[PDB]
Ligand SMILES: NC(=O)c1ccc[n+]([C@@H]2O[C@H](COP(=O)([O-])OP(=O)(O)OC[C@H]3O[C@@H](n4cnc5c(N)ncnc54)[C@H](OP(=O)(O)O)[C@@H]3O)[C@@H](O)[C@H]2O)c1
Ligand SMILES: NC(=O)c1ccc[n+]([C@@H]2O[C@H](COP(=O)([O-])OP(=O)(O)OC[C@H]3O[C@@H](n4cnc5c(N)ncnc54)[C@H](OP(=O)(O)O)[C@@H]3O)[C@@H](O)[C@H]2O)c1
Ligand SMILES: NC(=O)c1ccc[n+]([C@@H]2O[C@H](COP(=O)([O-])OP(=O)(O)OC[C@H]3O[C@@H](n4cnc5c(N)ncnc54)[C@H](OP(=O)(O)O)[C@@H]3O)[C@@H](O)[C@H]2O)c1
């Protein structure tokens, strides 16, 4: 077993204890990652705080450079990383490589967006005559040490989207990847080491969050917690954060609202691509379709067919639907499938599980009484809820505790815009599937789908504070 | 008993229980405010939530017109409200009227700043050539129900600063003034009532924070908590907030760094005003002078001299130093004073307390051993700490858990900017006492001094989220 | 004859020579305006320049107060001023009052928009590491003396649209209204004089442009020339401006592109309103309908009918169509009508001219060989051109030397956006008549329709410049 | 002879005629450049206009990629190009290399700054309630064909600073380098050619500016003229621009204001570097020192010494002072030296001219009566003017018809700022020599020093317009 080390204060370290990582699809052993001790966690943080001042004293262009190099390295090794990554989280090899390319892109972009952050000069005279000679020179500054924590479905991409924005602004990082993905995370950590950033600027932490999780979050060394993951852990992070700044990208139950005048063929393709992408293990996936009755039968039919075209199989074969992350997860989905069924839902696709590989199932005639109408599966299961009016679609849509994104399919644009304003989500895509898509675009969840606004530009803004220097003109 | 009432969903309501409020200076009864029950709190939030949609559906200019109407009413009644506020929190009459005027100004300014908030249009083609025809139309939206909590030292001003920004953006309000100052808060409600805002858009909650504070804060109807008060309560707010956004303005121990080249007269004049305004009961007060040894003697004598010119007395006489808010505080301050004296600090004034009226006291040669060096007094007690370099002054300054604002008196502006970057504070004033001064300016606190960035423009930004609508161009 | 006086350096001055103004509709004498000498113009500019420094020395808020005051005065006198305006430019009384009200709104809006202009702080370290301590504090400053020249169709509104934005930023104004409209212009001046703006900050000039026009514009005292008029004069001013900044709002031949999926009823209402508003004497009027052959017939009929419901008559009666500004215009318009009629266009209405009152005429099947297809009429004449594709409509549209605004009537917005990108105009309205509408919006013309970007905020940035103060932080 | 070709429509073309360019220092034949006919210019534009649409159709990131490549080419061949450039305009070989590096830097930066241009969404409801559902989606668009004309002192740098911002935004360029510098210009063109930018996107025009000058500018294909050169040709470009947008970077007489409390050694070093850089052949440069009598003798002496340390000679030997660009300029400068001399000026340095090489001369006691006090020499001659008050220094400084930049040397910053507000210039450097310094900073001149605001970000803004799409939400 290859025993990986954590990049800490400019060195690769192991821990007295470790964790063995396996392949969800095969079961093969990929290696082990350290299981840090609070003492070791304390070292990572003590290291970062000590390097922060020097890292911040650098010019924006110097930090941008280190970051571009990192991206250069990731592009160079997009094959090695994708290889492991693909195996570590059972993600299609091609898409796995793509995630690394997406990561490189986000890093380069953040580097360039961040070196152009500008300040403001406010006039006292705008508020009171007596203060006309008083001005405020407001410049942005880092919050200090940022604790980045990534999910299993994008251990690298959702690591960089937090790290790059943090570093360019002058913050130091403590990256805790998901255990089931800790290898991929350490591979990313490799690029940062090779790039040669100063020791302590970028560090990693591994170990089941189920034992050092609260510790790394509650540690007073952290000035900001940027997290993507379950809504459950999200809640707790919010409470442990106290009054400290936080970034939370949690679950979602994105609805696809289909009006009578929609382009059913296009709607169907988008709903297919979004719902089943990566077996439904995507936060922004199309997890529920709210379709008008008059066009339901036809739409459903289109979906069904296109579902059959999906490729069921293993990661190395770039199959649309691959084995779910783990057994627990698959069991969860099955529970939702059984509940939908017993209550009347009609499965138009075959319900079938083999290992942790669940075949894509299309549930029609789903009602708000079924768990599947609400709970986030994170498995290939798409329920279809029929409505008799846009207004109903709005209610059912907002009734959810989730509000990441929503889709609206219709040809009546002005109306879609009106409906978008009413949806309790961050982003509404018109005649397209939901997606974080275009990382410069803002990405945020409403209600229990998140806290804070992501998207390169917004992430930088989020992980920086302001320092205002006021004086009077003579 | 003159019984004041809360403004709830367009009507004035008493509660089965009340709390008698007395003048801190004279001890005379001022009236009573309701001691709301949780049921009543529930009805307030329910009211605000039910009113939010219609309030948001209005145009910005319409919401603006309402705020201007409130501001005009406050200006018209500046003598009325000022007179009572003066008595309720033992604040000079003139500065009390002044507090009201400043409130109308904030209200007016928020109305205009907010009616012209703009959205952005992002290019998908900026990130990937493949999305060149995809654009993101991003517009600001209200977060919902905002809970505003003001402090005793500015029950009206620090209410308007949260309320107007919140309301202009389309949020609805629940205003909880401090108990000692609740009558002033209810007088402010009068202005919103007379202005005619739709029932539910604006509401008040009164009652002992030690008995309904947790409840009004932990309530899930609250989408955002904007609070100004003690760090202790502030911390609890942070945790009770969970993942919900917050605005915290807390304690402060603003240091005034005085270099060898500082204009000692200007420095003493500024330090006297900032340290003793309203008897030191200010968050942005100059609460500790870090001055180079070589100019200490001269500076200290200028302070001592000006301190003795401060008037001591009653609010109606517009005295500089008035009785402290209550007995607990006067005790706490006197204890800080005695601890200094007993530990050896060099007192430049006689230690004197008449009831809750503590005469301005100045302690020179205070050491890091003395409580007065760190604890926020919120009384007219000013410590002087002699340093032998800017490096040390910066260390002492940052040693504090507070980091609201800082003053730097020197003639070397480039150096002042260098020092400013090192000081862990929100704002740094050069050759001027610290101050929230000019409300368009950002107002924030580092470390334990706060969370979030205030100042009209920033408050609106803080209490709004973004709604991103994405679509492809044909 | 009531002798009107120009307002110069805080004084109401007459001129040795006067120009009599007659009511276009009745021919009745309305009064007379001064006929300044080149030297009297020199005194206007000398005063302005002399008062500029002290005007700029004021705080932003103080200048805003003066403007707000002017606005209030105009609201109070809307009827008084409106009545004269109506008589002077043959604009319907009600819409004449509307111009005044709209003017106060712009004045007020510019006031609040202008006091909120902010500065920027640029980091040298964004460009080169060696300059990481160098920062640029950039703040806006006025350009100096601004010459504002308004048009006859909005002598007051297109006056304030330039004046207020210019004054708030700290510039001084020399306002030259149109001779036929000067009385209204001077009435506006009254509102400034009464507002009590410092002498010389605001001034007026009157005289035949065909005599002192080149002078007022060529005078080197003028720092910025903000103009709205004919493309002919507009170009002369362009060359006379030299390298000095300018604002040109010129002619337009806004086209209304009607696709096959357009709501024809809504399409017809908008075409009629935008085409015949003020008898077509609008720069943003609908002046040519490019409609797909298949819906041509149906659309044409809807229009023909709506045109007939238009009231025709005198301004005092608020008639839709009133006498044109002068006999020259009426002659020219008739000439364009006869050319179309003689060349074969299909008139859907009768040709009828009574004095300078031309009845609303509609020509269908207008070909590219007919003058009415390109020349801006500025009369109640509307050409309807049939096309066979969107590509053709786009071609006919851009072939024009004009490019102010355009309208697209369709049920497909994404396509409308793609077409808008192709149209060489400033603003594209979807399912709505073209319009300068909502003055905070940008207003600009491509090709020969204008230079510079108007709209309150943009006007302010146009008539201000930047002052960059660069220094190094120690 | 070494004959260069123009890069037209993606091909290298010669003309029936040509112009031979000789090394300003050795008089050797560097080579020849085409002397295009008007018909050949017509082809360059017809080609550019033809490629424009497809160039714009590309995504922002794609256009940025092309630019980055061009920058890469330049860095690879920096020595190859610096060699030729150094020879073409007789400038130190090292700085000739730096100019190329600076060019690559601006190009890379422009591509990144420009790929992030964002639009705005304006709310109708901000101006009137009736238009609350009306919004304006405002996006930036390129003006079309941009004509770039660079100066002799920076044939490469001041070309890229116009081309890149222009191109990234979607415009096509027609680059007209100065005859004396056309070889370098064409060398740059090679990088663009090797980068593979679509034919017609980037084109070059060579020929005597006195022959084809007015033609290329007046040509109607040009939508924008971005020019850097003499105030003389600038004024003409102004008129010939008509109403089309223009960017003018003309000459300057940057004053260096020295106060009594300045750091004379620091001041002097700065003045030496700024006034004599590139033999003073720079638009931004200390061309006049306005120093308080009090420290004039001391400052003068320091400058005097530092002048003697300056090297004299060939560009190949990186001498500080090189031969002026041509006989004419040297004749002109010498004339200024004589007028100043015959009027009383004291030359503290040997007035010596050998060929077109003038030794650095420092003139003391220069009065406002000497040509040298006002005219831009573009030679190694520094006049010194003794003033007795800041007020005077401000008055003299502003009496200049130039207003590019200024320098204030003092330790009283609040005062420096106050003074900077009064100086009629674009940028004011405190305790630093004037410079375009750090290209992201704004760069502009007042009065006769320019028109438009440069600096990467501002250049892009300048060469783009706006397209506004308005519609009503439903
Ligand atoms: N109730 C629901 O609706 C729902 C929905 C989806 C998932 N889940 C839960 O999520 C898990 C599997 O799904 P998932 O992998 O996407 O989610 P998850 O593992 O819960 O995601 C939480 C992320 O936070 C880290 N973490 C765990 N405990 C932490 C703590 N105390 N403090 C800070 N960080 C901590 C984890 O690291 P490690 O990887 O090292 O543990 C993990 O990367 C299961 O336990 C499942 O029950 C619940
Ligand atoms: N932790 C510290 O560092 C610190 C320092 C100085 C003073 N204090 C405490 O502050 C008080 C006097 O100073 P102060 O008036 O400036 O501060 P404070 O009273 O603590 O200010 C807190 C404000 O929040 C309200 N509040 C109280 N408990 C709350 C809760 N659980 N949830 C939400 N809101 C709550 C209060 O309303 P009511 O007015 O109705 O109570 C008060 O207006 C004393 O009780 C003192 O012990 C704490
Ligand atoms: N309506 C039509 O169909 C039509 C057709 C052809 C020509 N016209 C001509 O257009 C004019 C009426 O239309 P309009 O008012 O919209 O356009 P315009 O009068 O051309 O508008 C130009 C504005 O600039 C002023 N001005 C005149 N000469 C100037 C100069 N040399 N330099 C600077 N400013 C100058 C004018 O003032 P004054 O008011 O003092 O002139 C007027 O306010 C008449 O002159 C008419 O002969 C009209």
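Protein chains in written order, with the deposited numbering: chain D, 2 to 475; chain C, 2 to 475; chain A, 2 to 475; chain B, 2 to 475. Where is the CB? At the ideal position from N, CA and C, for every residue including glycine.
| said: Quick check: is the beta carbon of residue 339 of chain A nearer than 9 Å to any beta carbon in chain D? | reply: No, residue 339 of chain A does not count as interfacial toward chain D.
| task | Would you check if there are 3 or more beta carbon pairs closer than 8 Å linking the region 124-137 of chain D to the region 435-455 of chain C? | result | yes
| message | Given 8 Å as the limit, tell me if residue 385 of chain D has its C-beta closer than that to any heavy atom belonging to ligand 2. | response | no
| Alpha carbon to alpha carbon, what distance is there between residue 358 of chain B and residue 331 of chain B? | 7 Å
| task | Could you tell me if residue 453 of chain A is buried or exposed, where buried requires 16 or more neighbouring beta carbons within 10 angstroms of its beta carbon? | result | buried
| Three or more beta-carbon pairs under 8 Å between the region 61-73 of chain C and the region 24-35 of chain C, yes or no? | no
| request: Could you name the residues that DSSP lists as bridge partners for residue 256 of chain B? | output: According to DSSP, residue 256 of chain B bridges with B:289 and B:407.
| Okay, do the region 421-430 of chain C and the region 215-231 of chain C touch, 3+ Cβ pairs below 8 Å being the bar? | no
| Counting only runs that start and end within the region 122-167 of chain C, where is the alpha helix (DSSP H) found for 4 or more residues in a row? | Residue ranges of uninterrupted alpha helix (DSSP H) with 4 or more members are absent from the region 122-167 of chain C; none lies entirely inside it.
| request: Excluding the 5 residues preceding and the 5 following residue 71 of chain B in the sequence, name in chain order all residues of the same chain whose CB lies nearer than 7 Å to its CB. | output: 108, 192, 193 and 196
| Taking the alpha carbon of residue 430 of chain C as the point to measure from, which residue in B:419, B:420, B:433 and B:415 has its own alpha carbon closest? | B:415
| field | Residue burial classification, residue 100 of chain A (beta-carbon count within 10 angstroms, cutoff 16) | value | buried
| task | Go ahead and label residue 77 of chain D buried or exposed: buried means 16 or more other beta carbons lie within 10 angstroms of its beta carbon, across all protein chains shown. | result | Counting other Cβ atoms within 10 Å of its Cβ, residue 77 of chain D stays below 16 and is therefore classed as exposed.
| task | State the Cα-Cα distance for the pair residue 233 of chain A and residue 88 of chain A, rounded to the nearest angstrom. | result | 27 Å
| said: Counting beta carbon pairs with one atom in the region 324-344 of chain D and one in the region 368-379 of chain D, are three or more of them shorter than 8 Å? | reply: yes
| task | Report the residues of the region 94-126 of chain C with a CB closer than 7 Å to any CB of chain B, ordered along the chain. | result | 116, 117, 119, 120, 121, 122, 123, 124 and 126
| Contact set between residue 138 of chain C and chain B, taken where Cβ atoms lie within less than 7 Å | 122 and 138
| message | Quick check: the Cα distance between residue 179 of chain B and residue 208 of chain B, rounded to an integer number of angstroms? | response | 9 Å
| message | Determine whether the beta carbon atoms of residue 478 of chain B and residue 418 of chain D lie at a separation below 9 Å. | response | One cannot answer for residue 478 of chain B here, as it falls past the ends of chain B, which runs 2 to 475.
| message | ligand 1 and residue 151 of chain D: does the residue's C-beta get closer than 8 Å to at least one heavy atom of that ligand? | response | yes
| Would residue 474 of chain A count as contacting chain C if we go by Cβ distances under 9 Å? | yes
| request: Please state if the CB of residue 436 of chain C and the CB of residue 455 of chain C are separated by a distance shorter than 9 Å. | output: No; because the gap between Cβ atoms is not below 9 Å, this pair is not in contact.
| task | Output the boundary residues of the beta strand (DSSP E) element that contains residue 13 of chain A. | result | Note, residue 13 of chain A: beta strand (DSSP E), 12-14.
| alpha helix (DSSP H) segment containing residue 367 of chain D, residue limits | It is not in any alpha helix (DSSP H) - residue 367 of chain D carries neither H nor E in the DSSP assignment.
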